[PDB]
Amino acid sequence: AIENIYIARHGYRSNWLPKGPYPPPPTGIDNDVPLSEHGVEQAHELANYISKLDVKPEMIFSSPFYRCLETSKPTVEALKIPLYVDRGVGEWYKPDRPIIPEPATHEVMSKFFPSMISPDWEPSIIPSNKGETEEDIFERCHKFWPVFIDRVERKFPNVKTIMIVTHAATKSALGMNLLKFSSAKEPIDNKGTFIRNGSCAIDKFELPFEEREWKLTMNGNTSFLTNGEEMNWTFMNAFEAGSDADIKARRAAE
């Protein structure tokens, strides 16, 4: 039944501000930062773009992290579709990270997005609370797809098109798994073309799941954003995406 899958990254994070002021994570959870004002604007531009599509998403599955729910919100409001949280598309944290964050529960997070998140959706898979090597997150996403698609197609037989709102690392690991590559540290062709993971960038893939084949018809589209592509990242980068280290490197050199 599923034949269209969009995958977008959350918008501009508040810890990307050159000098702040930096808000605390609303949930108190480490790394659970909100969008900056600019990120919210991106999120609205994403919604407007999606609302003009011929084939719109019929449901959203978002990471449990605040920034993804916040990026999802304006699209949910534009399209009035259901949104579920699946921890299986949550953020990537390396094993040696000092803190390995664990996202808020439905009860906590819903206080922040009242009535936006449909309950009764268990995790398709739970990212290790001890972190993941590059290899680990890739395998996590590989295991994710069959469990996820089976649950969706079974519970929602008539849904053809869905959207996932997630993080740069999870987005490209997910996409490269759909395309059946053995890792995310490699191009998808001969030109050395990588999946593009700008903030609020959005991929589209077009069609027994495991046997199915997909084509990437949209690669990290950001043409609908006023300021285009910002903070692109791949697994070839050394830092966690959107981390303070990642952004410091960029500004030091620009």
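Residue positions are given as counts along the sequence shown, with the first one as 1.
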Fill in: Unmodelled deposited residues flanked by residue 207 on one side and residue 208 on the other
4 to 9
Worksheet, complete the sentence: Comparing mean C-alpha B factor in the record for 165-173 and 93-101, the higher one is 93-101
Worksheet, complete the sentence: With B-factors read from the PDB entry, the higher C-alpha mean of 69-77 and 152-160 is in 152-160
Discussion item. Where does the C-alpha B-factor of residue 238 rank in its chain, lowest, middle or highest third?
Written reply: highest
Worksheet item: Among the modelled residues of its chain, does the C-alpha B-factor of residue 22 lie in the lowest, middle or highest third?
Response: middle
Worksheet entry | Third of the chain, ranked by Cα B-factor, where residue 31 sits | lowest
Fill in: CA B-factor placement of residue 43, once the chain's modelled residues are sorted into thirds
middle
Worksheet item: By the record's CA B-factor, is residue 195 among the lowest, middle or highest third of residues in the chain?
Response: middle
